[PDB]
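Summary of the model geometry
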Amino acid sequence: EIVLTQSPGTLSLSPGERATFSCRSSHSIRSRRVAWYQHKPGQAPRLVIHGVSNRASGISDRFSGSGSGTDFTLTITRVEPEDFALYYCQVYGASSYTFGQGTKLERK
Amino acid sequence: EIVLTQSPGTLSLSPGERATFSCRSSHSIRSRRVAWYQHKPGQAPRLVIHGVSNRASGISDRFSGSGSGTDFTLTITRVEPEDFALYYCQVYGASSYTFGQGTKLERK
Amino acid sequence: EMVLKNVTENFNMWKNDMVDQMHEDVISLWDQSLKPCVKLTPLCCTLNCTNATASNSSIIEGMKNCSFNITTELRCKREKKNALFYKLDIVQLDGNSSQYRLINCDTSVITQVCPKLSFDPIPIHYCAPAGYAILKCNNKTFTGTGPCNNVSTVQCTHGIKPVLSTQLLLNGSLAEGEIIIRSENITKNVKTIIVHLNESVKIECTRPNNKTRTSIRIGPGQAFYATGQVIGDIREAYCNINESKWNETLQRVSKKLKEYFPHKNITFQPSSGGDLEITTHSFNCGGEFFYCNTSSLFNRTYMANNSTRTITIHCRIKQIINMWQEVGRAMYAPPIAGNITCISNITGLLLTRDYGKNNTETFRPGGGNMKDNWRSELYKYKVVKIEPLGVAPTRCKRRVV
Amino acid sequence: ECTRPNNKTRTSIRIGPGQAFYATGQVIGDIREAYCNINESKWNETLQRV
Amino acid sequence: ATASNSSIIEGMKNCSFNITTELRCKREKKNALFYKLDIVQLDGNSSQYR
Amino acid sequence: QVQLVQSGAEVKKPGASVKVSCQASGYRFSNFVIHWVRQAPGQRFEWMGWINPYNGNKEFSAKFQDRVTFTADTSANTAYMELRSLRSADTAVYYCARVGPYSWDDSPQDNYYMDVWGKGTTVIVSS
Amino acid sequence: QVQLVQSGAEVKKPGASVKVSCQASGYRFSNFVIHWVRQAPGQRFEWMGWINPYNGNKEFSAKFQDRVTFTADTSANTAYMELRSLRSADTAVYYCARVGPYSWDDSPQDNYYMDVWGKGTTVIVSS
Amino acid sequence: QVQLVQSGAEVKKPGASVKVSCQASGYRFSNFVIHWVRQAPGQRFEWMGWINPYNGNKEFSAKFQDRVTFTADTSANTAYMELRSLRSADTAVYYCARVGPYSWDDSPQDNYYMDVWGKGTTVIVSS
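Residues numbered from 1 in each chain as written, not as in the entry; some residues may be left out. Chains lettered and ligands numbered in written order. Part of a larger assembly, values for the part shown. Heavy atoms only, no water.

The deposited coordinates derive from cryo-EM, with the record listing a resolution of 4.5 Å.

Going by the PDB entry, chain C carries the name Envelope glycoprotein gp160 and comes from Human immunodeficiency virus 1. The record for the entry shows the title "CH505 Disulfide Stapled SOSIP Bound to b12 Fab".

Naming follows the PDB entry, where chain A appears as b12 Light Chain of Human immunodeficiency virus 1.

Observations regarding the pattern of salt bridges
All names here are of chain F. Applying the stated criterion across every chain, the model contains 36 salt bridges over all chains. Residue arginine 38 pairs with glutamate 46 through a salt bridge whose shortest N-O separation is 3.5 Å. Within this structure, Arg38, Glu46, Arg67 and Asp90 form a network of salt bridges that share partners. (Salt bridge = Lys/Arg side-chain N within 4 Å of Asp/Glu carboxyl O.)

Quick look at the sheet that holds strand β1 (residues 3–6) of chain H
Residue and element names in this part refer to chain H. In space, the 4 strands of this open sheet follow the order β1-β3-β8-β7, with antiparallel pairing throughout. Pairing within the sheet leaves two strands with one partner each, and these edge strands are β1 and β7 (68–73). Taken pair by pair, the neighbouring strands of this sheet meet at an average axis angle of 20°, ignoring direction. In the sheet, strand β3 (residues 18–25) pairs with strand β8 (residues 78–83) via 6 bridges, with the strands oriented antiparallel. Among the inter-strand pairings, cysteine 22 is bridged to a residue of β8, identified as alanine 79. (Pairing = 2+ DSSP bridges. Helix = DSSP H or I, 4+ residues; strand = E, 2+ residues; numbered from the N terminus. Axes fitted to C-alpha atoms, helices over the stretch in contact; angles between N-to-C directions.)

A look at the state of the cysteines
Structurally, a disulfide amounts to a covalent bond that connects the sulfur atoms of two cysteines. Residue and element names in this part refer to chain C. All chains considered together, the criterion is met by 15 disulfides over all chains. Covalently, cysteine 44 is tied to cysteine 105 through a disulfide, its sulfur atoms 2.0 Å apart. With the S-S dihedral at roughly 65°, the linkage between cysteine 44 and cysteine 105 falls on the right-handed side. No disulfide involves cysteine 76; its nearest neighbouring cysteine sulfur is the one of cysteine 45, lying 16 Å away. According to the relative accessible area criterion, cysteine 76 is exposed, its value standing at 73%. (Disulfide = S-S within 2.5 Å. Buried < 20%, exposed > 50% of the residue type's maximum accessible area, 1.4 Å probe, protein only.)

Observations regarding the interface of chain C and chain G
Listed as interface residues are 27 residues of chain C and, on the opposing side, 16 residues of chain G. Here chain C meets chain G over a buried area of about 1,900 Å², counting both sides, of which 53% is carbon and sulfur. The tally of links between chain C and chain G comes to 0 salt bridges. Run the count over chain C and chain G and you get 4 residue pairs in polar contact. Mapped by element, the contributors of at least two residues to the side of chain C that touches chain G are β6 (90–91), α3 (276–279) and β22 (311–318) of chain C. Sorting elements by how many residues they give to the side of chain C that touches chain G places α3 of chain C first, with 4 residues. By residue class, the composition of the side of chain C that touches chain G is 7 nonpolar, 14 polar and 6 charged. (Contact = heavy atoms within 4.5 Å. Buried area = accessible area lost by both parts, 1.4 Å probe. Polar contact = N/O pair within 3.5 Å; in protein donor to acceptor, adjacent residues only side chain to side chain. Nonpolar A, V, L, I, M, F, W, Y, C, P; charged D, E, K, R; others polar.)

Focus on unusual backbone geometry
When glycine is set aside, most residues are seen to have a negative phi, and most peptide bonds are trans. Residues and elements named next belong to chain A. Here the bond from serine 7 into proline 8 is cis, since omega is 0°, no more than 30 degrees from zero. Within the fold, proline 8 resides in the loop between β1 (4–7) and β2 (10–12). Within the chain, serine 95 stands out as a residue other than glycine whose phi angle is a positive 55°. Along the polypeptide, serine 95 turns up in the loop between β9 (86–91) and β10 (98–99).

Some remarks on helix α1 (residues 40–49) of chain D
By the criterion of burial, α1 of chain D is predominantly exposed, with just 0 of the 10 residues buried. For α1 of chain D, the N-terminal cap is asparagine 39 of chain D; the gap from its side-chain oxygen to the backbone nitrogen of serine 41 of chain D is 3.4 Å.

A short note on the packing of aromatic side chains
Going through the model one piece at a time under the given rule, you end up with 43 aromatic pairs over all chains. Centre to centre, the rings of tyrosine 97 of chain A and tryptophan 47 of chain F are 4.2 Å apart; their planes meet at 20°, and the pair counts as stacked. Here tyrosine 97 of chain A is found in the loop between β9 and β10, whereas its partner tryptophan 47 of chain F is found in strand β5 (residues 45–51) on a different chain. Exposure class is identical for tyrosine 97 of chain A and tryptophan 47 of chain F. Each is buried. For the pair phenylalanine 60 of chain F and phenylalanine 70 of chain F, a centre-to-centre distance of 4.7 Å together with 65° between the ring planes defines the contact as edge-to-face. Pair noted here: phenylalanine 60 of chain F is in strand β6 (residues 58–60) and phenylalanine 70 of chain F is in strand β7 (residues 68–73), with a separation of 10 residues, a long-range link. Assigned by exposure class, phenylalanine 60 of chain F and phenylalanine 70 of chain F land together as buried. An aromatic cluster is built from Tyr37, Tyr88 and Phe99 of chain B together with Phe45, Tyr95 and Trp117 of chain G, whose rings are joined through pairwise contacts. (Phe/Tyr/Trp six-rings, centres within 6.5 Å; stacked < 30°, edge-to-face > 60°.)

Okay, structure coming up:
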């Protein structure tokens, strides 16, 4: 069983500026079966990235991710108000599911 | 297979004296699966103690025993003329049966 | 059912043939159903373990918690998994100072029943095939052997319940007349005696401890199902019987038994001793196989010439079984979540008498040869063949041409 | 007629559960190979006949 | 094999083998003896039998 | 559009069982494996298992094998779950999920990321 | 009272077989496991095996399994033993024995101590 | 006298199969195992396998097991071989063989040395 740690716990940003998040794993994910997701309270949560780089269907082009080995990343080119929400990283596949603690994105 | 050694080889006592016997073991019997028995020639042998401390049915209160680990003991509070006989220690059960050499209890 | 005028017929229930096929069928179905379930041979390797600790408790003396090396996935990972068994499936010595082993696995292959299959008995009728028939003795006081003054016939017997039980016939039938005591007819000393009541006495049982379940994967598509953490206030299992009705029951069976043996004493007594399969009243209910110290219930002694004061018996439970006392084979039973309650109707006893002594009989439970269980209920029945052809004289004749 | 004169004692090895591999152990007695015996002259007549 | 009262026996191998003594664990050494014509051998820096 | 609709909220007795349903729309229910996911307040989402309506195959986390059971019905467009021996730690929001489509270029089980979810259901452990 | 009665004494040929019986009284024979025990002159007792007349289950010391065989009959109240391939070392006194009763408080096979014996029988290997 | 006679020489296409026969005389064909042996120009002989016409048991060098097949017929006094998926390295002279007679003192498989051979057959892999 793998464990994930996200950082920063909170990133405070107004609309327009750039955002970058990191997710560090207790192990190394050779397979690239990595997925990042979004959540707002009161709504069903939402997908953003799967397989490290494959953007989800219908989600904006501002989201993008990269990584290899143990360090996995998500960034926003320019934040907008709807982006204020929690974001989580995941390792998935072959009886090896685990999530992260979540990263809060909120208005500066 | 476990090996036992009794001591003393012979104890000489007149009626009314205290007797104490010892039986060693090559392996530690953590389970208290021990028994002591009596034998006279020309007669079917006889049980004394089983389970280290539980006395056999119908046997006098003069007999008693104790022990732990790999050192197991038998004793007599006061000897009487009927006890002049051989006394034997045993480990038993779970395909681990074995006997000692014996100790002779005889008139001083 | 069809009743027959003026028929006298001999039955011999001790030698009756359709108990043999009862036993043969009963063994086979467990054999047939059990096979696809995965086996416990890989776990039989010896164990290292200690005294268990229940929740909020410094000790549980009724338990043993046991650590074991077991193959997992397949043959290239193996882990120090842990669970707990009960002491009866656990023995200790040989090899090293702290070794422990399962009780039967050295001598016999062990299997656990597939957990979805149920042990509970159900009524089964038994029918003759084409060209045969079955006879009964509607007589309500039949001894078991000799001619029978009232006989009916039926295609299928009434439903019978394959209840596994020793020391007490439970979840069974009742005699319609007085209490019937049936025994071998050759000699005073007999192989077994069957007493069959005409009124049932309730037995309740329970195991109050709340069990929770833990699983260990040996196989590639199978699971061993293990017994894990303990929950709830700990007690042994126990059963409850009405006291005064039991006093009347024991007075009545004695009253009939005295007709055979008219001298003053009868002595009942507890078990004969030996190994557990006889010395404790055994049955199963819910999903686990009870074993009860019956001794308190048969301490009474008699000489010739009603929902209160309930008696209770300590009852203690096992998971590995020498079922049908078969040579070199055992069954494992998985645990069941939470507490289990139970009710049943006691119907009779399987008793045995000792070698006689001066002016005193000694009757205690025993026997337990599993065929006695069915001989106690199949005494009515027998099977017989039809010969449809016969020839006679008469005044008739055909025309030659 | 045939005979195996050497006396053989058995030794047993437990592999299995309610099972046992049956092994050959110590040899006993004056050792000889197994042999068989046939009447000579009757055999000569037998070969002449066939 | 050293037969009784004999330094040799030309018909017998005495044969030592590893085997699982419990159901599915505890490898240990054990010995028996066999006839030649169930036995073969070639290999190893030192010899090895089968 | 793709949506999964869940049962109503639940508050159930300690030691009892909680059973939940998850009905789907916008796609063929028999043709996507389904997850079950739980989140305690402020804690990690914890994975539980998956089920495949097309062949009935299953696999659980061994932590929950003794506690959870799934089943699905092609005629109902709905998946069911059942959690037994309920304890106070089970107070959490529960979810059901759907995976994305498998492209022929993909490696096995690459798609098992959650593509779509339901709105979730609250489960509380109380007398 | 409890007693086990044995066959008469034996003097038998080397390489032949010796057979011994042990008939009981005072209890139900079909309900107690039975041991067999030997003692050479001045030596230890050496355990041989046990048999359960209830079911006929058996267990031997592997030292003797090729050499010894047991059996018992419920209708005879008697247990039989068979020792094949006699040797001079087999000259010894032989015994049959009984175990004590199992209390429900006991753990498995704690009762297998010797509760009662027979008077024994002399066996000598001679021509 | 003893002789083994073989098929004519072969030149066959790359990737195809080559099949060879070996007919015997002077002895009962069904009562001797038969070998197959190859030699490339200037190289060692390489074992191929053996066959026992009496039963049809087969044993191959694991180097060639996916490539070679044997069979024999008792009514023809002839053994057949087939080598599939020819490559240029297969260009070699091929032989069939016969083993010596077993004798009472021999251990098993002392006699599988080559007692008699045939004259050989040339095989070349070319278009």
